[PDB]
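S.K.: Here's a structure for you.
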Amino acid sequence: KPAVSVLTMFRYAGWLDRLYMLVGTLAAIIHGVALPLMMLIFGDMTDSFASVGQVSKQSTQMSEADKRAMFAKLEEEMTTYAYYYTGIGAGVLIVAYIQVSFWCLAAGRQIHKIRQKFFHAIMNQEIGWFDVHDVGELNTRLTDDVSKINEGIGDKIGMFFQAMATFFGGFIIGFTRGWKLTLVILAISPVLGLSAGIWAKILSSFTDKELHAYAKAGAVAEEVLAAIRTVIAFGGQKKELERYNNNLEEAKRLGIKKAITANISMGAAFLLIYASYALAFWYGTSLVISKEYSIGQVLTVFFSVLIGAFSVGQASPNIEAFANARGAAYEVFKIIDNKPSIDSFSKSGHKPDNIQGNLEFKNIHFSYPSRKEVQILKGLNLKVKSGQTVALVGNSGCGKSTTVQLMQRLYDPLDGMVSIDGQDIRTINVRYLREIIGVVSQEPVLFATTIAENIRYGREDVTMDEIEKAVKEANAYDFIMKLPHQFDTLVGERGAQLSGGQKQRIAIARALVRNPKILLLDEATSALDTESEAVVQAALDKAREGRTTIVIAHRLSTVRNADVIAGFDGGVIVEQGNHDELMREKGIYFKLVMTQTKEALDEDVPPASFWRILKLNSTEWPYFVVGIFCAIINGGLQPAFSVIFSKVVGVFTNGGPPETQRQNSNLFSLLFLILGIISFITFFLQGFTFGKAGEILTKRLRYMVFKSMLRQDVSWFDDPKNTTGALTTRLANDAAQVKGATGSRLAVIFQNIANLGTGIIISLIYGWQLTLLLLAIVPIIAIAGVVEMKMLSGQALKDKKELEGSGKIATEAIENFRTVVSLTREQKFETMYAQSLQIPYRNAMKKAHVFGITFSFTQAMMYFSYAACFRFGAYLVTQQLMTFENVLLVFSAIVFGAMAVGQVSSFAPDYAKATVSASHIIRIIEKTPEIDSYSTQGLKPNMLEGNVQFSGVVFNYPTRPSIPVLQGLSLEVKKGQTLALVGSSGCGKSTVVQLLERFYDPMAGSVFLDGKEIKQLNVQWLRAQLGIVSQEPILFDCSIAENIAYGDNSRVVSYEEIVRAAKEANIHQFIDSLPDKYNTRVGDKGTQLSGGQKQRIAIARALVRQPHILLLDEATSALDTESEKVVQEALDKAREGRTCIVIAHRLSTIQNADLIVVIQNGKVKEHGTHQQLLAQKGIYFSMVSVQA
Ligand SMILES: CC(C)[C@@H]1NC(=O)c2c[se]c(n2)[C@H](C(C)C)NC(=O)c2c[se]c(n2)[C@H](C(C)C)NC(=O)c2c[se]c1n2
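FYI, the numbering for the sequence shown is 30 to 626, 681 to 1271, going by the entry's author numbering.
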């Protein structure tokens, strides 16, 4: 992975920028040392209570002379301590403000330039650059990578500096107050980073093992959901359910172990930090007995070294964000500092005013930059006189278009020169070059705006009258005036779709506005019907007036009209001259003449569900039984600690017997270790409980989901919100993430309720008033913690919603770069881009200020809490209310309690995302379709007859109930005879074939098979005797023998039936010939096949089950040569003795069909055989007339 030098990355920072960064970082440093200072002050605080405990403990000394020496002393010490706390806090709000504010600011300002210059630099690039580069990733790079470099030069490094400042402040204060203790603790430190470092590698080892573990089931998951039509139709729902399931009990059972080891990681972390607590206090408390360190000093250094330690662990992502922001900056600055071969932005060439317009190509050798290996033009020589029109032909290769492309100087030739008049095309400014060159491409392209605006894109300073005139010159004025909004009518991608001819004509006009003296037509008439081609070419021929035109037309119809016809054999020009010369020479021209004669949309919709999801995992009670208890234990562990820490520092603050100072000390210290041991037990138990549950719950769930997915209707798979990829992603992720809302959430809620719940009881008994204070301040701070992330993500989505404006402009500009580069107008699109960006950047100031005041409001009172609680508590202890140790207990219990609930909240997966990934699962499972392929009811007669009779049957698609497809059309087919369907297009050419296979239910009316109604029959058994052949036959990546046997399921097909079905599908020839027999895989994983053979296999598939009803729906549309012969030849020998229905557009193999039904609109208007309908001279006469 690549990365920029740190110095290079801030290149677009200026005066004010460096200023902001420096001021900010400076405030970040001092914000950093605020916490260690806080620690020291805390030590100095506890030292003071330690003095008043011991004297009033032992016996009785002076009753009236204690209130003066103890009570009066402490208040005098706390009135100043308060000033310290509060002082530091008040400073902290300011300096934190400066930090986030300035860093966010300077970052934003930089980024604004960065994105702009990235865009301009993308525009600057020639097309040769867009050949070698994917435009999709480039356009997303302008949004993703720039937003990615925004993060890493902003708040993140501010916090990095705060963090390193806390590291240095903490270790400095550490060693200053305490030489030894800090070295003890720092001695303990390398055993936690060595522990966190091996356990991350362990969890991450299984994480990527899982990705390619489930991807075996995901394969057959997308394989099924893609070919789902061919699945339900061959009823392989059972087999595919099984097949999918066999790859589940191998890839989540792999996950079980990983869940366990990650749980043991957590356990070991806890055991280790608790070991650290134990050892540190065992040292320090025995150290305060020898009267070396004070009790408060031990606290000071333990806490400042500890805080200084976790500083690193909360600097890690802040420095990581800086790192990969450099790696993203690489790609962007590469383009910005890249100057192309064709610029194409500034003028350095000439701008002839003659301007003549004589073309010349001398010895042109050229090859595309994507594939230098293959040479395109070899010694290309071609002159074009003024006003003369030259057509390019020969059907050689790309070369044709290449010349056109070379003419507007998209690329440059490898050898040889392209000269307009006396000067080379390279000696003239490129902007002015494409201003004097107009172009019409094979595919028209209109930008999303008004027609007027699309026209402006050819020339900016054009009056409305010039516009109208230009439109008229394009024979386009007519249909534009017929539009509802005239010249303000929307076009392009979204809104108001226009035909290809009109769309092309507007482009013709656009080009015409430029008034070029040279005109290039690359397959202008191509890809158009014969009725619009006339009008379009009418505009073109009038556009060729006064202009030097070179035209390439696949249709040589409009070619003869040219002055000079130039043929292409290979890379060289061979035959050149007038039409008659090339006809007489019988060249290549003569040859050709004779031969041609959704992500948000998903999660928005579902309502529900509050805790019903737990019913899903309820299949295993034991695991949850152990689980919940284990969490109550690990949850009571935390309040325990706060008590035990308060008894450690209590035995030296509340005085008493010195001989018992040790006995207590080592007891509590050792006790901490015990509290760690048990802590390692819970987490080893939890991952064996919830861990397996949530994983079992995963497997089973997926199974259920997949099953239900096969139950569904065909209408559901027509739903624009349910795609093979979206479905398989619903199966892959949401199905696994469901475990978040079950066990994990019980763990969380129980650990939290155990912690803050019991801790609040204890802090309530050890203090009435102070507890009331903390259960008041703490929630208020917690509320601020929510709003902090509310106003953070809140104006994070609002900022992207105003940024989509820029996104659209850039997108439209990039996706059609190859088009805009021809109309120049690159700088215009840049201008649009900046104009779009001027609104979010004006909101960067307010943004930075907001993040400032928010971060500062949350962070300020994080010190004012200590300020309040320790002042009120001192107020307690000094008076008759007791004591201080209890004050410290209430504080630690409630505060680290509330902190612990936060960390427990951060451990488990996101409950919101879990629930919304759960509701899709539960809805998908409990989903009952109309047509149930799983039902075991049904007639199942012995009657092998098989008469299809549609009566009435009015049907319209549920996906889009607009313009009903079937309007109650009726027909009937008896046994052996073959129906045929004739109409303008599909619907209901295919709709019938679908309704007989019962993919949909017609609104009113009924279709009968034999004497019985379809709806009365068994659903599955109905398709058991119906073979189906679609336009594009799909096979399964399993094997050939299975593909063939896939036709008749629930039965042992074996060698015999497969060879029998192979031999009449005539495919048996292709089988032995190609190594090897029946074991070969189709397709794209094994050997590739042509459509013909694959469809032959497909027929052989629909032939195994011995169907009494064939359904042929536009069988082969892409099959040519003598391949379509053997296909229908194999079709004809299996058609006899079978009820068949054929839909084709061929109309050549329908003359031999038994019944021919001409369906139009929503009914049947013609009926009978071929010659009968033909002699009827209706619409069948007019449709079979286009066969010449
Ligand atoms: C200044 C520090 C001493 C302060 N500790 C406490 O406030 C505390 C003292 Se016992 C305790 N927390 C409980 C007990 C019940 C284990 N543990 C957790 O809540 C917990 C669950 Se995951 C986790 N921590 C992670 C890592 C393990 C990944 N680490 C921290 O969050 C962290 C970083 Se600094 C710090 N904590």
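We put the CB at the ideal spot given by N, CA and C, even for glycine.
Where does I1233 fall in DSSP's three states?
M.R.: Coil at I1233, not helix or strand.
S.K.: Given a threshold of 16 other Cβ atoms within 10 Å of its Cβ, counted over all protein chains shown, does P545 qualify as buried or as exposed?
M.R.: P545 should be labelled buried.
S.K.: Need the endpoints of the alpha helix (DSSP H) that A288 sits in, please.
M.R.: Run containing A288: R282 to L316, per the alpha helix (DSSP H) assignment.
S.K.: Among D174, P219, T772 and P923, which one has its Cα closest to the Cα of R138?
M.R.: Looking at the Cα atoms, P923 is the closest of the given residues.
S.K.: Going by C-alpha distance, which of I537, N483 and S340 is nearest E522?
M.R.: Nearest C-alpha to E522: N483.
S.K.: Can residue 631 be considered in contact with ligand 1, in the sense that its beta carbon sits closer than 8 Å to one or more heavy atoms?
M.R.: Not modelled: residue 631, which lies between 626 and 681, the two residues flanking a gap in the chain.
S.K.: What first and last residue would you give for the beta strand (DSSP E) that runs through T89?
M.R.: It is not in any beta strand (DSSP E) - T89 carries neither H nor E in the DSSP assignment.
S.K.: Please classify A536 as buried or exposed, where buried requires at least 16 neighbouring CB atoms within 10 angstroms.
M.R.: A536 should be labelled buried.
S.K.: Can you find the residues in the same chain that come closer than 7 Å, C-beta to C-beta, to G487, ignoring five residues on each side of it along the sequence?
M.R.: Closer than 7 Å at the Cβ level, and outside the excluded window around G487, lie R539, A540, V542, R543 and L906.
S.K.: Would the C-beta of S762 count as close to ligand 1, meaning under 8 Å from any of its heavy atoms?
M.R.: True, at least one ligand heavy atom lies under 8 Å from that Cβ.
S.K.: Return the residue from the list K287, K1260 and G596 that minimises the CA-CA distance to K615.
M.R.: For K615, the nearest C-alpha among the options comes from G596.
S.K.: In three-state terms, what does DSSP make of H1228?
M.R.: In the structure shown, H1228 sits in coil (DSSP, three-state: anything other than H, G, I, E or B).
S.K.: Please report the Cβ distance between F800 and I348, rounded to the nearest whole angstrom; I am assuming they are in contact, meaning their Cβ atoms lie under 8 Å.
M.R.: Not a contact, Cβ separation roughly 48 Å.
S.K.: Pick out the complete alpha helix (DSSP H) segments inside the stretch 950-1030, 4 residues or longer, and give them in chain order.
M.R.: Segments of the alpha helix (DSSP H) lying fully in the stretch 950-1030: 967-990 and 994-1008.
S.K.: Determine which residues share a DSSP beta bridge with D598 and list them.
M.R.: Its beta-bridge partners are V601.
S.K.: May I ask you to check if the CB of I336 is nearer than 8 Å to at least one heavy atom of ligand 1?
M.R.: Yes - ligand 1 has a heavy atom lying nearer than 8 Å to the Cβ of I336.
S.K.: CA-CA distance, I318 and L750?
M.R.: For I318 and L750, the distance between alpha carbons rounds to 14 Å.
S.K.: Can you find at least 3 beta carbon pairs, one from the stretch 1157-1174 and one from the stretch 296-307, that sit closer than 8 Å?
M.R.: The stretch 1157-1174 is not in contact with the stretch 296-307.
S.K.: Identify, in the order they occur along the chain, each residue of the same chain with its Cβ nearer than 6 Å to the Cβ of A194, setting aside the five sequence neighbours on each side.
M.R.: So the qualifying residues of the chain are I58, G61 and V62.
S.K.: Only counting the same chain, and skipping five residues up and downstream in sequence, which positions put a Cβ closer than 6 Å to that of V593?
M.R.: These residues qualify, in order along the chain: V419.
S.K.: Sorry if obvious, but does the Cβ on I1141 come closer than 8 Å to a heavy atom of ligand 1?
M.R.: No; taking the cut-off as 8 Å, the Cβ of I1141 has no heavy atom of ligand 1 nearer than that.
S.K.: Quick one: does the C-beta of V987 sit closer than 8 Å to a heavy atom of ligand 1?
M.R.: Within the cutoff, so yes.
S.K.: Report buried or exposed for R745, applying the criterion of at least 16 other Cβ atoms within 10 angstroms of its Cβ.
M.R.: The residue in question, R745, is exposed, as its Cβ has fewer than 16 Cβ neighbours within 10 Å.
S.K.: Where are the alpha helix (DSSP H) runs, 4 residues long or more, that stay fully inside the stretch 694-741, in chain order?
M.R.: Runs found: 697-700 and 704-731.
S.K.: With 16 as the cutoff for other CB atoms within 10 Å, does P722 come out buried or exposed?
M.R.: Buried, by the Cβ-count rule.
S.K.: Within 10 Å of its beta-carbon, does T914 have 16 or more other beta-carbons around it, so buried, or fewer, so exposed?
M.R.: Answer is exposed; the Cβ neighbour count stays below 16.
S.K.: Here's a check: name, in chain order, each residue in its chain whose Cβ is nearer than 8 Å to the Cβ of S1133, leaving out the five neighbours to either side.
M.R.: Here the set comprises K267.
S.K.: Based on Cα-Cα distance, which residue from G423, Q326, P705 and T518 lies nearest to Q605?
M.R.: Closest by alpha carbon: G423.
S.K.: What is the DSSP secondary structure of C1223, counted as helix, strand or coil?
M.R.: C1223 falls in the strand class under three-state DSSP.
S.K.: In chain order, what are the residue ranges of uninterrupted beta strand (DSSP E) at least 3 long that sit wholly in the stretch 1074-1113?
M.R.: For the stretch 1074-1113, whole beta strand (DSSP E) runs of length 3 or above, ordered along the chain, are 1087-1092 and 1109-1112.
S.K.: Taking 8 Å as the cut-off, does the CB of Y303 come closer than this to any heavy atom belonging to ligand 1?
M.R.: The answer is yes for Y303.
S.K.: Given a cut-off of 9 Å, decide if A556 and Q434 are closer than it, judged by their beta-carbon atoms.
M.R.: Contact flag unset, no.
S.K.: If you compare alpha carbons, which of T578, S1000 and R460 is closest to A683?
M.R.: The shortest Cα separation from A683 among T578, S1000 and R460 belongs to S1000.
S.K.: If you draw a straight line from the alpha carbon of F773 to that of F955, how long is it in whole angstroms?
M.R.: So the two alpha carbons sit approximately 43 Å from each other.
S.K.: At a threshold of 8 Å, does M295 count as lining ligand 1 (C-beta to nearest heavy atom)?
M.R.: Checking the Cβ of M295 against ligand 1 gives yes.
S.K.: Helix, strand or coil: which one does DSSP assign to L462?
M.R.: Helix.
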